[PDB]
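The block underneath contains the structure these notes are about, expressed in structure tokens.
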Amino acid sequence: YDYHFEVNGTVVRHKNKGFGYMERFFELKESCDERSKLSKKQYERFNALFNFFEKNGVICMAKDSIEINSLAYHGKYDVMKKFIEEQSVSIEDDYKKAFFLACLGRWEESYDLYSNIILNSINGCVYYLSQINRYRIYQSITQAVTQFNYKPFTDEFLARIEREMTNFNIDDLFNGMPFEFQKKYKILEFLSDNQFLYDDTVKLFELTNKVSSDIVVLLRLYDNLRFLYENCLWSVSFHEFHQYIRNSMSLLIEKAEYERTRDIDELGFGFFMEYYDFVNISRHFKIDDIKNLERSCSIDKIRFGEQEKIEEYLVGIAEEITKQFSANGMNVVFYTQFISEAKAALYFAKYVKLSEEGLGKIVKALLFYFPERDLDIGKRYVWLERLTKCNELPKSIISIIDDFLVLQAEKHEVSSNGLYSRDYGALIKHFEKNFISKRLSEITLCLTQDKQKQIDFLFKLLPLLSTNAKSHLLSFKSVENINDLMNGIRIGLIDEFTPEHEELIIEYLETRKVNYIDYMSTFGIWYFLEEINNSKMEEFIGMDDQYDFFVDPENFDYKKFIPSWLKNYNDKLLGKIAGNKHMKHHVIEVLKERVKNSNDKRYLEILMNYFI
Amino acid sequence: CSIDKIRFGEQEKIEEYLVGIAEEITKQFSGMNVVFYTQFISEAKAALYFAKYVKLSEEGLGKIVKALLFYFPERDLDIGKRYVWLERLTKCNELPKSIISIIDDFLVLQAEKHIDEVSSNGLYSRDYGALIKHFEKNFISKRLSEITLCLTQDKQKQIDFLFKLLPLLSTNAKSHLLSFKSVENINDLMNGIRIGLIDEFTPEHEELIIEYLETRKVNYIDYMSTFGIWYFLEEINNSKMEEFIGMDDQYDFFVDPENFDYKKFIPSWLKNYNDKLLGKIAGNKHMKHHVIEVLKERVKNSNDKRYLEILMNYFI
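Protein chains in written order, with the working numbering: chain L, 3 to 614; chain C, 1202 to 1517.
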């Protein structure tokens, strides 16, 4: 505590009452003559000290860019495998090898290498750090076994490490080292502690003040990341560090959004995201955390820099996804940690502009080689649609989606979201607007009445077929009764109501009218939407409030209106109701009354975009 | 958050705590402990500020108001900040006669002060008098009337300060004040209209407005927005206001909707506006679209609930 060493690289005298040796050192650093006056051995010692202080980002005193050198941090899995394959020349090479094995999911080999280094390492700093990391990898192996209860570790190995690590105390490790080590390496004692990021987490509270701190927080986060990755420490993978990164980045982005909002309020017209920030968010955030960030702050207003580096990182993520799942691959220990980072990276790639080739690689990996368990068809479509935000759909991505749809047809869908293969075709039709699928047409030409599952699958994908394919597909389905007509309209059998469909709807409505003493609401919606021009629906008025609310609002009694109707309405229906020039003030007043009664988010959203 | 609608439990314990803080404020500032002051003044200020939402008994309210007005240092609490505190206190409990008497004594002390008033938010003792007049509009400041009776023309400070507190006086007391004080500058005209002595501007008032605008114009190469509000709400028909646009953004916004570019509009302006002119802006139809856009953007990006209630009651 003689001096303060700040995150920006400046030194400040703090507590030493003796000579200013750091100020003196900087003075020799500035001027070569004073440096030349040193003795030869002291001159070379000063050269070593200057190299150290340059490497560690210590420049000068107060009166006078992040760069992490780690293959593990940058996700260079192939280069890490190459480094592991080669023969280690030193024990520091073995330490780096054991860290790389830990990061590649090969925890048994990592534990064996750490044990070997501990054997062959008795400064004793690599010995101490291997003891730290072997305990950490032993903790990782122990917790992975509990999660899996697949047998990725043999029971012999588990029993052997349990016997080796029984009664082992990491709290005694530093105190068991020679006192020379304990004096020289007092700064490494925190690595044996259960927690080491409490100071930073408590200091994060300054990002919540509403009355620089943010740059200090970011630089300290970069310092922690560089120390834990460049020194090959396995604590960089545990929940404490990931939680610390999540908290720091989330609070920084929320603080920047708060300053942006306050300035907009007070001035009426902040956070800069770069490659390292993108990698930190991808590796440490879950999808829920990114969703919290998106809902809390406008990430679309955050400028993304170093987009070439981010694109290269995303392409590497896609390539590793392919290598993990195109071939046998499937290191379950590595896959468990890697799939979360890949999901977060592809999810966050919505805000990053991507080149055509890189976008092609990423989209291909996402559509085909991403496991269904981690990303179902609905989540996969959500990721793709997010990818279509910054960059519109080119021809190559449309072709990749076409191949995905062809593969789906050949296979023929469990979707937690509720979006299926039809939405990919809708997305294609959104941009190309005239895309016809050659192979889908070919498989329609081979379709028969036997394979009903194919028919009921790609009847939803009808706009991507040709005229002959559409005509052939239409033959296998009948529209005899009203139920068949409703199944067709929900599946897309007909897009323009024929007069016989109108007669069928009339028959259904008359039959229900006779039996007076779900479908009717849809009929009223279609009548309002000009979908049906029968001009006869007025006789079915009186039963359902929605029916007369939709067929003719002029005579509708708005005391029978339920505000919950608007929640079920879609974008097109709400926009049409807004522009009707009738019914408008009634929905305005009912929505105003609803929101004044209770600040409901969906109702305000409806009232705000289309003004209904 | 609407903290006002949140109910407060243990109102008696809260009031006892508030009265204890008021008593400590009185005791400290009369020999004080400065290092204790640093920690305690923040808590006392926050408690007095947050006491807006808590029902206070008449005796406790009296003690709290007395401490806030008299013994709260001017360094921590400006006269405008102190008025804001007191006005917040009067929100939950309408100020009784004892509170009126206490703040009247504060007013007469402030009158004695001028015998030789910095507000960060521009709210002064005339506003304490206005808060007096907002309730029981039949009230007389006897001590202030006595001060008004003995007003020689040489002691300008007392008379010019007391002219702001016109409704607090009597006819006989205000006779001497009107004998000396009269509308002669733009400041006199604006504080007179805020009192309400003259409801309709004389042409000479428009002349002073135009000459003040001309002077600040020759200075070009704070009450700018008041003239814009007067032109928008057509209390000024001089029609020469259009020759001094490009001066302040609020002025440009209010004198002309179409010529005022909407990118320099400050969304926070709508919170200062009152209900009358806020409704008038909605019906103008010449600036309705851009205030609608600003309100929507603020509902999106800001957590402030004021913008939503501005949008939905007035539909600006």
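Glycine included, each C-beta is placed from N, C-alpha and C at the ideal position.
Count the other C-beta atoms from every protein chain shown that fall within 10 angstroms of the C-beta of residue i, then say buried if there are 16 or more, exposed otherwise.
| i | result |
| --- | --- |
| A50 (chain L) | exposed |
| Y1421 (chain C) | exposed |
| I614 (chain L) | buried |
| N1373 (chain C) | exposed |
| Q1354 (chain C) | exposed |
| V592 (chain L) | buried |
| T168 (chain L) | exposed |
| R297 (chain L) | exposed |
| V1235 (chain C) | exposed |
| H16 (chain L) | exposed |
| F340 (chain L) | buried |
| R285 (chain L) | buried |
| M1233 (chain C) | exposed |
Please name the residue or residues paired with residue i in a DSSP beta bridge.
| i | result |
| --- | --- |
| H6 (chain L) | L:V14 |
| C62 (chain L) | L:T12 |
| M275 (chain L) | L:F306 |
Using a C-beta cutoff of 7 Å, does residue i count as contacting chain C?
| i | result |
| --- | --- |
| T263 (chain L) | yes |
| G581 (chain L) | no |
| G107 (chain L) | no |
| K325 (chain L) | no |
| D267 (chain L) | yes |
| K594 (chain L) | yes |
| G270 (chain L) | yes |
7 Å is my cut-off, CB to CB: does residue i come that close to chain L?
| i | result |
| --- | --- |
| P1297 (chain C) | no |
| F1466 (chain C) | yes |
| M1513 (chain C) | yes |
| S1380 (chain C) | no |
| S1243 (chain C) | no |
| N1322 (chain C) | no |
| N1420 (chain C) | no |
| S1426 (chain C) | no |
| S1469 (chain C) | yes |
| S1346 (chain C) | no |
| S1440 (chain C) | no |
| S1503 (chain C) | yes |
For residue i, verify whether its CB is less than 6 Å away from any heavy atom of the ligand FAD.
| i | result |
| --- | --- |
| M1442 (chain C) | Absence of the ligand FAD from the depicted structure is noted, as is the absence of any ligand whatsoever, leaving it without description. |
Under 9 Å between beta-carbons, which chain B residues line up against residue i? List them in chain order, please.
| i | result |
| --- | --- |
| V1500 (chain C) | The structure shown contains no chain B; its protein chains are L and C. |
| Inter-stretch contact at 8 Å, needing at least 3 Cβ pairs: the segment 1484–1492 of chain C / the segment 594–608 of chain L | When Cβ pairs closer than 8 Å are counted between the two stretches, the segment 1484–1492 of chain C is seen not to touch the segment 594–608 of chain L, the count staying below three.
| task | Note down, one range per segment and in chain order, each alpha helix (DSSP H) of at least 4 residues found wholly within the segment 101–131 of chain L. | result | 109–122
| message | Report the start-end ranges of each alpha helix (DSSP H) in the segment 484–540 of chain L that is 4 residues or longer and not cut off at the edges. | response | 484–493, 501–516, 521–530
| Hey, is the segment 252–272 of chain L in contact with the segment 166–182 of chain L, meaning 3+ C-beta pairs nearer than 8 Å? | no
| field | Validate contact between the segment 372–382 of chain L and the segment 189–207 of chain L using beta carbons, cut 8 Å, 3 pairs | value | Touching, no.
| said: Quick check for students: name the residue ranges of the alpha helix (DSSP H) that lie wholly in the segment 290–332 of chain L, counting only runs of 4 or more. | reply: 309–327
| message | Quick test of the definition: if touching needs 3 or more C-beta pairs under 8 Å, does the segment 86–102 of chain L touch the segment 125–135 of chain L? | response | yes
| said: Closer than 8 Å is the cut-off here; do at least three beta carbon pairs connect the segment 275–286 of chain L with the segment 346–362 of chain L? | reply: yes
| Would you call the segment 248–265 of chain L and the segment 156–170 of chain L touching, i.e. three or more CB-CB distances under 8 Å? | no
| said: I'd like to know if the segment 113–121 of chain L and the segment 353–368 of chain L are in contact, where contact means that at least 3 CB-CB pairs between them fall below 8 Å. | reply: no
| message | Does the contact criterion of 3 or more C-beta pairs under 8 Å hold for the segment 98–109 of chain L versus the segment 244–252 of chain L? | response | Judged by Cβ distances under 8 Å, the segment 98–109 of chain L makes no contact with the segment 244–252 of chain L, as fewer than three pairs qualify.
| Does the count of Cβ pairs from the segment 54–74 of chain L and the segment 190–209 of chain L closer than 8 Å reach three? | no
| said: For a minimum of 4 consecutive residues, which ranges assigned as the alpha helix (DSSP H) are wholly contained in the segment 213–248 of chain L? | reply: Here the runs fully enclosed are 215–232.
| query | On the three-pair Cβ rule with 8 Å, is the segment 433–449 of chain L touching the segment 493–508 of chain L? | reply | Output reads no: the segment 493–508 of chain L does not touch the segment 433–449 of chain L.
| query | Three or more beta-carbon pairs under 8 Å between the segment 234–245 of chain L and the segment 35–43 of chain L, yes or no? | reply | no
| task | Give a yes or no on contact between the segment 1355–1373 of chain C and the segment 1326–1333 of chain C, applying the rule of three or more CB pairs nearer than 8 Å. | result | yes
| Minimum length 3: unbroken beta strand (DSSP E) runs contained in the segment 1440–1499 of chain C | none
| said: Would you call the segment 496–515 of chain L in contact with the segment 476–487 of chain L, where contact means no fewer than 3 C-beta pairs closer than 8 Å? | reply: In short, these stretches touch, since the Cβ pair count reaches three.
| Pairing CB atoms from the segment 1203–1218 of chain C with CB atoms from the segment 605–613 of chain L, are three or more of them under 8 Å? | no
| field | Contained alpha helix (DSSP H) runs [length at least 4] in the segment 171–206 of chain L, N- to C-terminal order | value | For the segment 171–206 of chain L, whole alpha helix (DSSP H) runs of length 4 or above, ordered along the chain, are 175–178, 181–186, 200–205.
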